[PDB]
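Listed next as structure tokens is one chain, alone, in the form solved without the ligand.
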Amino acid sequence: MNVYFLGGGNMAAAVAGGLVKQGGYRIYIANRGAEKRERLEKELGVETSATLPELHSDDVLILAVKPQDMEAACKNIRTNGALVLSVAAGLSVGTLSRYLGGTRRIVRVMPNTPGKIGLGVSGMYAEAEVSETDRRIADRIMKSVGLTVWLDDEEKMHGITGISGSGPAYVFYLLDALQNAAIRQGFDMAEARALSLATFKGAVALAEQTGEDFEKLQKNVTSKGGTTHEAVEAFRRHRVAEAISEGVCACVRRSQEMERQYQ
């Protein structure tokens, strides 16, 4: 089964590397500039070319160009009924169907950067008209880089963006926050980084392995009048959790606005 990529950028390369590891697909990447055609061939050993060859209905096409460049990138593509996946932000299935000349055989994907290392989260959406077998084919492709989360409502793709899409940035910000607090406590940069990292990694691992409710995990290690209680009270006083949700809302609002530019 041929999996063509339109665009050979970072997300395309993650998904391509994912598929290579999974085995069983024929990967082919269309990308104009030689620079990164050179890279993918050297590193992944995948086929590349400046343009797409003729497509057929048994192929998969993954659209992976920047959203502002998508309409023109698709201008003369004849999908010939191929299954289309899009990883581009802000372009709805309806818009995509327009750009491609009318086809409805489209699955939208909202992947995130930890997919580069096989720990991704990808939101997935298809209109009702898209068959269960096409969903499963797209689902398997995106599982090659991590978890998939199917959505009932295309609107929720903005929610995905606000949580797992932009979410890695939040975690980096919070890792930096704990690392800076350690510096304030007298740790050198190397120690502060190591402490913040190992703290996050270990706590996240406990939450994963236990499967326990996050608030319960927190409450379980917070004794009244204890040291942890003092810190969590400060967090609460400063409405940290609430600020996080506010940042998420601001992210979602913006995703929504950006999508209006093309629709």
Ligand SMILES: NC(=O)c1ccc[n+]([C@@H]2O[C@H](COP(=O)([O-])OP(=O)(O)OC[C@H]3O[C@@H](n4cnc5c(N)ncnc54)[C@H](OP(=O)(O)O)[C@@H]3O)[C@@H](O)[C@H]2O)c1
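Residue numbers here begin at 1 and follow the sequence given.
Judged by mean Cα B factor in the deposited record, 218 to 226 ranks above the other of 201 to 209 and 218 to 226. Relative to one another, 142 to 150 and 68 to 76 have unequal mean CA B-factors, and 68 to 76 is the one with the higher figure. Per the PDB record, 189 has a higher Cα B-factor than any other of 189, 137, 175, 109.
Placement of the Cα temperature factor of residue 248 within the chain: lowest third of the modelled residues, per the deposited record. Annotation for residue 14: C-alpha temperature factor in the middle third relative to the rest of the modelled chain, per the entry.
Residue 118: CA B factor in the middle third of modelled residues in this chain (values from the PDB entry). Looking at the C-alpha B-factors along this chain, the one for residue 254 belongs to the middle third. The entry lists a Cα temperature factor for residue 31 that places it in the highest third of the chain's modelled residues.
As for the form deposited with the ligand bound, it is not shown, yet the points below apply to it.
Although the partner is absent from this view, residue 198 stays clear of the ligand in the deposited bound form, with no non-hydrogen atom inside 4.5 angstroms. In the deposited bound form, the ligand stays beyond 4.5 Å of every heavy atom belonging to residue 207. Taking the partner from elsewhere, residue 238 is found to have every heavy atom lying beyond 4.5 Å of the ligand in the deposited bound form. In the deposited bound form, residue 50 approaches the ligand with a heavy atom inside 4.5 Å. For the candidate set 66, 26, 229, 56, a heavy atom within 4.5 Å of the ligand in the deposited bound form is found for exactly one residue, namely 66. Residues of just one listed stretch (110 to 118, 92 to 100, 176 to 184, 124 to 132) have heavy atoms within 4.5 Å of the ligand in the deposited bound form: 110 to 118.
Residues 6, 7, 8, 9, 10, 11 are the ones in 1 to 29 with at least one heavy atom within 4.5 Å of the ligand in the deposited bound form, listed in sequence order.
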